[PDB]
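Enquirer: Experimental coordinates for this protein are included below, preceded by the sequence.
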Amino acid sequence: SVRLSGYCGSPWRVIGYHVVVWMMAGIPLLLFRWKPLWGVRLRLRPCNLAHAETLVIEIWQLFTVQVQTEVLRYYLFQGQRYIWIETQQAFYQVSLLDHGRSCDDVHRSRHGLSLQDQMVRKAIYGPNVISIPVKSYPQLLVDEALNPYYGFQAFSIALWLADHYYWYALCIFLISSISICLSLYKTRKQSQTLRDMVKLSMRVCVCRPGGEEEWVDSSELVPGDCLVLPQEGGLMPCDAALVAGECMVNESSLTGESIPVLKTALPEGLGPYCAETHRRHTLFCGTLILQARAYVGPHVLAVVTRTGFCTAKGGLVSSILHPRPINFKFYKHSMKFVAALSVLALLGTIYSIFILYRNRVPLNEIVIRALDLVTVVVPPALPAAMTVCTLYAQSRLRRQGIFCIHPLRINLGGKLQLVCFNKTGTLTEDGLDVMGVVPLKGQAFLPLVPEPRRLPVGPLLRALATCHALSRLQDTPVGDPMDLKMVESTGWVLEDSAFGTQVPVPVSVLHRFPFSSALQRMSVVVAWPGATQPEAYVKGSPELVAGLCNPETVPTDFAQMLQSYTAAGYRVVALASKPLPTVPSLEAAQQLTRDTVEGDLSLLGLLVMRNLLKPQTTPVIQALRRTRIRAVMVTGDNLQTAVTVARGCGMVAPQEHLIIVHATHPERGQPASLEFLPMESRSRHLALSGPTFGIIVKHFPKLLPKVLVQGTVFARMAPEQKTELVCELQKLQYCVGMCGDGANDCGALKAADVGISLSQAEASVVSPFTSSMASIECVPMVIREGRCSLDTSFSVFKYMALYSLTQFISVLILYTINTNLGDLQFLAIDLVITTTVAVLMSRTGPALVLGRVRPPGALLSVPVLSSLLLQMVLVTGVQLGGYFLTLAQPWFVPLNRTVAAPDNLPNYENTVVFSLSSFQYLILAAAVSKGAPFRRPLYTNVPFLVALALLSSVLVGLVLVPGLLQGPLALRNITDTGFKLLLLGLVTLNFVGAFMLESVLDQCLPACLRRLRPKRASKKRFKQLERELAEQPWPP
Ligand SMILES: CC(C)CCC[C@@H](C)[C@H]1CC[C@H]2[C@@H]3CC=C4C[C@@H](OC(=O)CCC(=O)O)CC[C@]4(C)[C@H]3CC[C@]12C
Ligand SMILES: CC(C)CCC[C@@H](C)[C@H]1CC[C@H]2[C@@H]3CC=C4C[C@@H](OC(=O)CCC(=O)O)CC[C@]4(C)[C@H]3CC[C@]12C
Ligand SMILES: Nc1ncnc2c1ncn2[C@@H]1O[C@H](COP(=O)(O)OP(=O)(O)OP(=O)(O)O)[C@@H](O)[C@H]1O
Ligand SMILES: [Mg+2]
């Protein structure tokens, strides 16, 4: 639902808002950007929608859009135009302006659009361009800079400049600059990814009225304008309708199919034009026109129907630009985690105030010091660390061949519990092998014919020859693999279509009804010289096409004979025919409606084909099943063929049980029923058809959750039915992945949490995830990358918490003794060590093999907080032990407490505290960076390992080498080598203790947590169902 509110302009209110929010504080700006309804209300007054100059859009969220005026006044929301329809006093989308008009109207527009009426609907519809905003760098820098995080960083820069910490202020500025530039690079890269995809700049003829032509730019086209498509072919600038001609288009860019598609001129009728019904007669935007030819007239004519964001390509671009929110929250209780850190910081700030008071510090100094301590806990490198983590994940995927348009989905990749796969072309090979055709003699089958060439000239041979949709493109037949191989098997050659016998008269296709996956069949009307009347041949599902056949034609053993082949893994389609008494002419043949042709058929035979598993499918499915990720086959193919393939690829193990859930439609006077008939060979799977799925959904809502929870093979599913299944699975708190192929899986790929397409270009719009490899091996790759990304994000958050608390503790320890950490020492710690390490941790790749344990979903967990608390206990212990150890030495000299820092540097206390803490930052970085299960070992990250080794060597030189970096850093020289070695020993103790603490926690905390308090249940609805089925299996 949506709602609109109009806000008429007024200067007094605007200036009042400006002065109030500028003089008062930045807090009102913060709450306005958090609650912008108040901001808009205060800025301007509600007004009648007719005069509104600004609107607020809810869907409940509010987006403020200005109302452009040209009078024609409109507005753009998410790239979609809405104009002011004066008569109705409302804003209607321009997508609906001509919605529902007739095909005869398109054929009338055929003549062209007069230039006086062209500019009108250019204004209403706007330019024909899917325009992605290209921005000046200042605009970006403003967009990131106005982040409140960078506002606090600038406040810190000013605060530390006010205290004469120039190097630390420069350090903060440089780190924030790095973060901002990384964000700019990220946004710029995504924007170019979109723009390069939506590029279009070309000149296209327009059939201007009066019989003349004109070369206008592609962006001057408007719906109702007439195109002249080139004969040699070219890209399509906008959605259109063919009014005259024939076109061979490659719609791979829009839908991912590399098989050429034929487009025919639009029929004439008093029915509503549509891009779904007349998809065959309509060209799309961004699809390539391989070749065009005009049946009648000098040139091929098309009439534009949608432009800009109205087009299907525009809709996909809009969905990419403005994606639906990711419901899953990767980091549970993040606000409470940062609050648990902030409470510790606040207790430390109270301690700081108390001690600074106890040392008789001036009040202004006390407040400045407390503000400094508050700024210490906010790390300037956190945004850079997060951005770099995401960038590294994306780069790793890209190197593996996987492209993601929404990088936020990479983390969902590691959340997957269920992956749905389409069978043909995803699990099994694209190519077929015609194993033979089973003919019929009366009402009985005949032995399979391995070579359909040997068939006698008759209805079955001609049905095989000419029941398809193939087009010779560059002297090579192209089209469906099934059609290609089935025609190849007969020996007839292609040349509205005519076929020459192998060596028996040429056969002509009068009319052809294309294959629709909803119908799962196609048909032709065919005549040959010497033919009494045309004949129609229907090819489609053996089950479905047999229903169209006359009962006396279909043999009594039809189902058993079909199962003989499909249960052996073969793809089978039935061929049926019927004589059409119509005169054998193109005009009369085209008169027939599809429904009349499809029914009352006579079965001719079964075409048996052999599609084999990809060799990469069984390993991947066994790997997924090994890690308790559900593999589900969602296919439009036979149930027996699909079940055989599922057993073959390991979706159903040899020792596991499979039950065929069969639902019967509720006949007259009786209710619907379910039959469960097991078939001979977690451990119990269900296999069911599309009709059964629909019956169970409509009539058995109570049993549907169980069918979904233990259903593995979903056969004979229509595309919308695959989408419905994915949505139903997601209703059970499943994170559903979908590995799809073509138009039959686009809805499921959109609905799925992770949708993957296999044989794709470098950058594609088909699905959120696209890959270049043909196999489904990209699925484990995506899951592994998502798990690595979750683990890396958790490790980076842990390191930033640990680094902050460590700096906080050291600065508190130094405040307690009336000194500080020195200026170039802040610069060193924050820039050289910590930023380097934090931006290098996240470059280590995923583990090579998936595992049964999933990454944690909550930052605020007992393991995480126990780890941080014990790590900080050890850090504080080491620092305070070093401090109380330097006091016991004989050469020690207490600092000049009278003058506060930085006046009293160098001193021994600061020297020791800085050395220990500077080692502890590296120690903590190495500790948080873990390997198995979700990541590779630390030492496989050469930049990170080298940074650790180099920084450790530099710090050891600082501690040992006399006079090294002591002037700059303000370090007190310590001659005693025994104390230096004892400091290094304490550092080694800290390292060993940190690593052993992490190992002990990881190994023994989950078990103690389980024993102490077992989980009563799981909120995952599907896990509740899984357990409930465990006590009582549903099918008895
Ligand atoms: C005073 C010195 C010690 C400052 C230390 C800071 C560096 C460790 C940081 C600052 C920003 C970091 C850079 C942030 C951005 C990235 C991008 C990253 O590559 C990608 O993310 C995508 C690559 C592609 O598109 O193919 C390579 C590392 C790099 C340059 C990082 C390398 C390490 C850098 C230079
Ligand atoms: C007083 C002096 C002697 C001490 C100062 C030492 C630092 C300036 C050195 C020590 C380790 C060095 C870092 C060691 C490793 C790297 C990784 C390098 O980035 C990459 O290699 C990414 C390559 C890719 O991913 O393609 C950027 C430089 C950097 C941060 C170096 C920057 C300078 C550092 C921080
Ligand atoms: N060119 C064609 N002519 C006639 N019938 C066809 C043709 N192509 C497919 N069929 C039949 O229609 C059905 C549709 O299955 P199809 O594979 O197109 O659906 P799908 O959902 O894409 O399946 P998958 O997920 O396995 O790709 C098949 O069972 C097949 O028997
Ligand atoms: Mg398919």
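Expert: It's in. Numbering: from 1, shown residues only. Ligands and ions are numbered 1, 2, ... in the order given.

Enquirer: Those residues of the stretch 701-850 of the chain touching ligand 4, which are they?
Expert: Within the stretch 701-850 of the chain, the positions adjacent to ligand 4 are 741-742, 744 by Cβ under 5 Å from the ion. C-betas here are computed from N, CA, C, even on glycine.

Enquirer: okay if I get those as JSON lines plus distance to residue 85?
Expert: JSON lines is the format used below for these (distance: Cβ to Cβ, whole Å):
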{"residue": "741", "distance to residue 85": "42"}
{"residue": "742", "distance to residue 85": "39"}
{"residue": "744", "distance to residue 85": "38"}
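
Enquirer: most neighbours, which of these?
Expert: Within these, neighbour counts (other Cβ atoms under 10 Å) peak at residue 741, which reaches 23 neighbours.

Enquirer: which residues does that residue contact?
Expert: 256, 422, 424-426, 757-758 (Cβ atoms under 8 Å, 6 or more residues apart in numbering).

Enquirer: got it, and residue 1007?
Expert: Taking Cβ under 8 Å, 6+ apart as the definition, residue 1007 has no contacts.

Enquirer: re the thing from before, if you look at the contacts of residue 741, which of them are in strands?
Expert: residue 757 (DSSP state E).

Enquirer: Which of the contacts of residue 741 are buried, as a PyMOL select command?
Expert: Those of the contacts of residue 741 that count as buried under 16 or more other Cβ atoms under 10 Å are selected in PyMOL with:
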select buried, resi 256+422+424+425+426+757+758
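
Enquirer: In a markdown table: the contacts of residue 741, plus distance to ligand 1.
Expert: As requested, the contacts of residue 741 are exported to a markdown table (distance: Cβ to the nearest ligand atom, whole Å):
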| residue | distance to ligand 1 |
| --- | --- |
| 256 | 25 |
| 422 | 31 |
| 424 | 35 |
| 425 | 30 |
| 426 | 29 |
| 757 | 22 |
| 758 | 23 |
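
Enquirer: re the thing from before, ok, the residues of the stretch 701-850 of the chain next to ligand 4 vs ligand 1, which is closest?
Expert: Of all these, ligand 1 sits closest to residue 741, with 28.5 Å by Cβ to the nearest ligand atom.

Enquirer: Return the residues in contact with residue 524.
Expert: Taking Cβ under 8 Å, 6+ apart, we find residue 524 in contact with 466-468, 509-513, 536-537.

Enquirer: Buried ones only from the residues you listed, please, as a PyMOL command.
Expert: Restricted to buried positions by 16+ other Cβ under 10 Å, the PyMOL selection for those reads:
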select buried, resi 466+467+468+509+510+511+512+513+536+537
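
Enquirer: Identify the residue nearest residue 280 in space, chain neighbours excluded?
Expert: Spatial nearest neighbour of residue 280, chain neighbours left out: residue 514 (5.9 Å); criterion: Cβ to Cβ, 6 or more residues apart in numbering.

Enquirer: do residue 966 as well
Expert: The shortest distance from residue 966 to any non-neighbouring residue, by Cβ to Cβ, 6+ apart, is to residue 973 (5.8 Å).

Enquirer: Same question for residue 795.
Expert: Closest to residue 795 by Cβ to Cβ, 6+ apart is residue 928, at 4.7 Å.

Enquirer: For that neighbour, give its distance to ligand 4.
Expert: 45 Å (Cβ to the ion, to the nearest Å).

Enquirer: Compute the distance between that residue and residue 225, please.
Expert: 61 Å (Cβ to Cβ, to the nearest Å).

Enquirer: go on, residue 161?
Expert: According to Cβ to Cβ, residue 161 and residue 225 sit 62 Å apart.

Enquirer: try residue 724
Expert: The gap separating residue 724 from residue 225 is 38 Å, by Cβ to Cβ.

Enquirer: Have a look at those two and say which one is more surrounded.
Expert: Neighbours per residue, other Cβ under 10 Å: of residue 724 and residue 225, the larger number sits with residue 225, 28 against 19.

Enquirer: what's the more buried one in contact with, if anything?
Expert: 112-113, 118, 206, 303-304.

Enquirer: Same list as before, those residues that is, but in JSON lines and with neighbour count included.
Expert: JSON lines is the format used below for the contacts of residue 225 (neighbours: other Cβ atoms under 10 Å):
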{"residue": "112", "neighbour count": "23"}
{"residue": "113", "neighbour count": "22"}
{"residue": "118", "neighbour count": "20"}
{"residue": "206", "neighbour count": "22"}
{"residue": "303", "neighbour count": "27"}
{"residue": "304", "neighbour count": "26"}
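
Enquirer: quick one: which two of the residues you listed are the most distant?
Expert: 118 and 303 (13.1 Å; Cβ to Cβ).

Enquirer: Pull the number of nearby residues for the residue of the stretch 201-350 of the chain found nearest ligand 1.
Expert: Nearest residue of the stretch 201-350 of the chain to ligand 1, counting by Cβ to the nearest ligand atom: residue 320, 19.3 Å away. Using other Cβ under 10 Å, residue 320 has 18 neighbouring residues.

Enquirer: any idea how far it is from residue 887?
Expert: Distance from residue 320 to residue 887, by Cβ to Cβ: 63 Å.

Enquirer: Please report the distance of the residue of the stretch 201-350 of the chain closest to ligand 1 from ligand 4.
Expert: From residue 320 across to ligand 4, the span is 23 Å (Cβ to the ion).

Enquirer: Go ahead and confirm that residue touches residue 404.
Expert: No - look at residue 320 against residue 404 with Cβ atoms under 8 Å: they stay out of range, at 11.2 Å.

Enquirer: Overlap of the contact sets of those two?
Expert: With Cβ under 8 Å, 6+ apart, residue 320 and residue 404 have no common neighbours.

Enquirer: What are the buried residues along stretch 725-739?
Expert: 725-726, 728-730, 732-739.

Enquirer: The residue most central in space within the chain: what's it in contact with?
Expert: Centroid-nearest residue in the chain, with Cα atoms, centre = their mean: residue 768, separated by 3.2 Å. Taking Cβ under 8 Å, 6+ apart, we find residue 768 in contact with 404-406, 409, 749, 754-755.
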